[PDB]
Novice: 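Have a look at the structure that comes next, please.
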Amino acid sequence: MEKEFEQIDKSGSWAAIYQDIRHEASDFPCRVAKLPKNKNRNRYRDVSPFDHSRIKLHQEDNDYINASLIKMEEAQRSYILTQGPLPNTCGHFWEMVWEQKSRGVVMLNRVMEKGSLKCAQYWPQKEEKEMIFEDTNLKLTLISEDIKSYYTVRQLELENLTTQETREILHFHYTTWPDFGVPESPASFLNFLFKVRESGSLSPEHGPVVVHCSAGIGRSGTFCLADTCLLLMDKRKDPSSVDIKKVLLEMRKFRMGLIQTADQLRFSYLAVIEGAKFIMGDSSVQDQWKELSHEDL
Ligand SMILES: O=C1C[C@@H](c2ccc(C[C@H](NS(=O)(=O)c3cccc(F)c3)c3nc(CCCc4ccccc4)c[nH]3)cc2)S(=O)(=O)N1
């Protein structure tokens, strides 16, 4: 994998490889997303879920939410990629997390980035001010949080007011991944990823983990592409067999625009190559990543 990486660097062809992916990427209808009554449920007019893979809310009224089920068959993992909820779709977001039985939510953006709103404040920041989503009959409470230098882990209690059943939902928030950019290093990205893996949130005993950034395609796609490729290297008999471009194209059959820049693609290569070290046995790379990620700053 590092041989191809190496030859792409030297050829200086990241942009070309990336454009080829854009050109070969699937293109399926998004009719429900584009219905006029669904307009205020989309943060960006040009980022929509494909009809075939969209997540349907269980409410009789309007079952629409800008979310997509990305089902990677060989790797055996599923993810839900969605936009940062809007003020009117926060109830919808937690309704999907409830109905889909998700256990963890991976947020890769900040509510405000460079002076622009990118996502609504859909979870409570204070223990004492829980949130109620009237339209969906759900209550959400912040139970605790572990704040690190570049990410935070939050324990949330989601409750179905109707049945009074409650669930523990884990929030994994990467606070330093710039829009249209990349993590500070493979180390802090992988550090974050394995923290999600180790929590149990990605276990097939739970519903799909819900991943999102602002549009649910650039940073979200980068996160999922690396996790899936690492899963494959640990599955197949020959880890060097993983073709990241093919995997990216497979992912794009489920949601449009996954990976938004040639550099995010190159970063994905670095994250996987680096992460392969741990998949092959190296027992010192994980701690090395933590140190390099300066999480205890
Ligand atoms: O790294 C990232 C990029 C963010 C991001 C990506 C895309 C958008 C959508 C945005 N729409 S508009 O209405 O502001 C907008 C801007 C320019 C032209 C236009 F008509 C509408 C956007 N779209 C493009 C270009 C198109 C990007 C794209 C490519 C394939 C599939 C889907 C979207 C660039 N920014 C917003 C944030 S993320 O939160 O997904 N993480």
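Numbering of residues begins at 1 and proceeds along the displayed sequence. All values below were derived from every heavy atom in this structure, side-chain atoms included, with hydrogens, water molecules and symmetry-related copies excluded. Numbering of ligands and ligand atoms starts at 1, following listing order.
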Novice: In this structure, is the centre-to-centre distance between the rings of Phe5 and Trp14 below 6.0 Å?
Specialist: yes

Novice: Quick one: list whatever passes ring pair (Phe, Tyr, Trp, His ring centres under 6.0 Å) with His212, sequence neighbours left out.
Specialist: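 Residues passing ring pair (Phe, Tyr, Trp, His ring centres under 6.0 Å) with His212: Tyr122.
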
Novice: With sequence neighbours left out, what residues match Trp98 under side chain to side chain donor-acceptor pair (under 3.5 Å)?
Specialist: none

Novice: For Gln83 versus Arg255, what's the shortest heavy-atom pair and its separation?
Specialist: N-NH2, 3.8 Å

Novice: What does the N/O contact table under 3.5 Å look like for ligand 1?
Specialist:
unit_1   : atom_1 : unit_2 : atom_2 : d
ligand 1 : 1 (O)  : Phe180 : N      : 2.9
ligand 1 : 1 (O)  : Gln264 : NE2    : 2.8
ligand 1 : 11 (N) : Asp46  : OD1    : 2.8
ligand 1 : 11 (N) : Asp46  : OD2    : 3.4
ligand 1 : 23 (N) : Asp46  : OD2    : 2.8
ligand 1 : 39 (O) : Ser214 : N      : 2.7
ligand 1 : 39 (O) : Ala215 : N      : 2.9
ligand 1 : 39 (O) : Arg219 : NH2    : 3.1
ligand 1 : 40 (O) : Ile217 : N      : 3.3
ligand 1 : 40 (O) : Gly218 : N      : 2.9
ligand 1 : 41 (N) : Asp179 : OD1    : 3.3
ligand 1 : 41 (N) : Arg219 : N      : 3.2
ligand 1 : 41 (N) : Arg219 : NE     : 3.1

Novice: Less than 3.5 Å apart, any donor N or O on the side chain of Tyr18 or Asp263 sitting next to an acceptor on the other?
Specialist: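 On atom types as modelled, these side chains do not qualify, holding no pair under 3.5 Å.
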
Novice: Sequence neighbours left out, what passes ring pair (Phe, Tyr, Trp, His ring centres under 6.0 Å) with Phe278? Give chain and number order.
Specialist: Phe194

